[PDB]
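A single chain comes next, written as structure tokens; it is the form solved without the partner chain.
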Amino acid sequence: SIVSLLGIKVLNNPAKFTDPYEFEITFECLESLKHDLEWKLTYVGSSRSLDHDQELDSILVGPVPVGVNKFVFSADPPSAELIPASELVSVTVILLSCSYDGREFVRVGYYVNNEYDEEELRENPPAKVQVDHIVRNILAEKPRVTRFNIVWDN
């Protein structure tokens, strides 16, 4: 495995639900890569409307040099249209994954705590969700990292 992930810093934590996700990704790379790396951010959270995990955003990391590399993934937030209208899902999940030549080799999973900003709104939750009143807290200090054995260069 050529690209090894070292650390991730969730820079804007906690945040408004509607805020863009800001990750500072640091990985090490042992051989020069012929192509781009692709980082993907997926929203995962319990809903009745069957659901197929929300792909929040994608980003390409340019010509990958050898050594330790740092970058910022500014992912777009989830659309209000694609989250329960009747219930605030208190605990959701965000999946940060990386691909090379169209194959994922790394997946990082985080739990996210979601609650209303107002002291009373938390106690008397409205019939319909106030998206502009949710505050997310990514449990960034505790992620689950998964490696997939993939074909690199040839």
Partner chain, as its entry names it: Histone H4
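Just so we're on the same page, rigid core means the largest C-alpha set that superposes within 1.5 Å between forms. Residue numbers count along the first chain shown, from 1.
- Higher mean CA temperature factor between 91-99 and 59-67: 59-67, per the PDB entry.
- For the two regions 47-55 and 105-113, the entry's Cα B-factors average higher over 47-55.
- By the numbers in the PDB entry, the CA B factor is greatest at 32 among 32, 86, 42, 26.
- Sort the chain's modelled residues by C-alpha temperature factor and residue 22 lands in the lowest third, per the entry.
Omitted here: the form deposited with the partner chain bound. The next part is about that form.
- Taking the partner from the other structure, the partner chain in the entry with it bound has no heavy atom within 4.5 Å of any heavy atom of residue 121.
- Using a 4.5 Å cut-off on any heavy atom, the residues of 120-154 that reach the partner chain in the entry with it bound are, in sequence order, 143, 144, 145, 146, 147, 148.
- The Cα position of residue 88 differs by 2 Å or more between this form and the one not shown after fitting on the rigid core.
- The rigid-core alignment places the CA of residue 45 2 Å or more apart between this form and the one not shown.
- In summary, the C-alpha positions of residue 47 and residue 130 diverge in the entry with it bound, ending up at least 3 angstroms farther from each other than in this conformation.
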